[PDB]
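Read the single chain below, which is given as structure tokens and is the form deposited in one PDB entry.
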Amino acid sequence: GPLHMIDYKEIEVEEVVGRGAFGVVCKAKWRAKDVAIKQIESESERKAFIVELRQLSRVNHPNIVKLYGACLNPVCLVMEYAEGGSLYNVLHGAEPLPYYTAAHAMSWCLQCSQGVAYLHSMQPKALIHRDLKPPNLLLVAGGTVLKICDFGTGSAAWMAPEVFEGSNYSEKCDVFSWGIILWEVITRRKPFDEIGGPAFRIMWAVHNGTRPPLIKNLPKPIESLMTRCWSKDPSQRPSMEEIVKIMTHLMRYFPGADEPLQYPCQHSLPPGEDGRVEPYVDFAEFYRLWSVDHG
């Protein structure tokens, strides 16, 4: 994949937007375009930069961030800027938070799965992301388009049990993360927020078979897919190609996914009545459109 060698003098650094897995991300300008720059912190991070640069150049897909080029003094990546920020901020960030619909929730998960399915179908060997979570999912086009970034080649809430076991893992670990993200956008809750302390407490819980609470009034095909994705045995989880197909076909019953995020939302989180939670999104329209198609 062809890419530019950037002269640092052509870069005009504006403001710091965030701090990813490694390095610092900053808003900037380069040749009229609005860009984002991931810059090195410690000289030790150099190995991670070679990996991410090797991979981002190799990949080309609408749901994975564009790499425009790389500057080597100082060593930094020049990528496309995501105007809407991360999904984590949209979900759980500072007030005021945007209102979103079930349609948005489904579309975000579809676009995410589409990007991952592409990664799993690389030649000659598949790419495993290893770090799928809302902080690494970015939003553009008024919140309607999702991009994947921060390749994994505080993540315990999304991590498959075989990964933190140090055990042998396949691309099916990405599928587990996707299941958690799906639960997360439907409920607008932080997964395992009730479990306090440090990371090992989550890891212990998930290792015993602790999963997120089931959702009240959730459509059985969605529930079926969600719980399949978070199976202990990686074999019992569906492939991403299957997920992409299912989610594409469900979008028939979720119109309006192309409406930009623009409405305010004052969000208070109720407690879980039984062992279940109420969704943030509403499924009344789904059931209406479904019954119209089915008998």
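Take the two forms, superpose them, and find the largest set of C-alpha atoms that agree within 1.5 Å; that set is the rigid core. Residue indices: 1-based, along the sequence shown.
Not on display, but discussed next: the form deposited in another entry.
Looking at 233, 258, 241, 43 after a core superposition between this form and the one not shown, you find that only 43 has a C-alpha shift of 2 Å or more. A movement of the C-alpha atom of residue 82 falling short of 2 angstroms is seen between this form and the one not shown when the two forms are aligned on their rigid core. Relative to the superposed rigid core, residue 126 undergoes a CA displacement smaller than 2 Å between this form and the one not shown. Once both forms are overlaid on the rigid core, the distance between the two CA positions of residue 217 between this form and the one not shown is under 2 angstroms.
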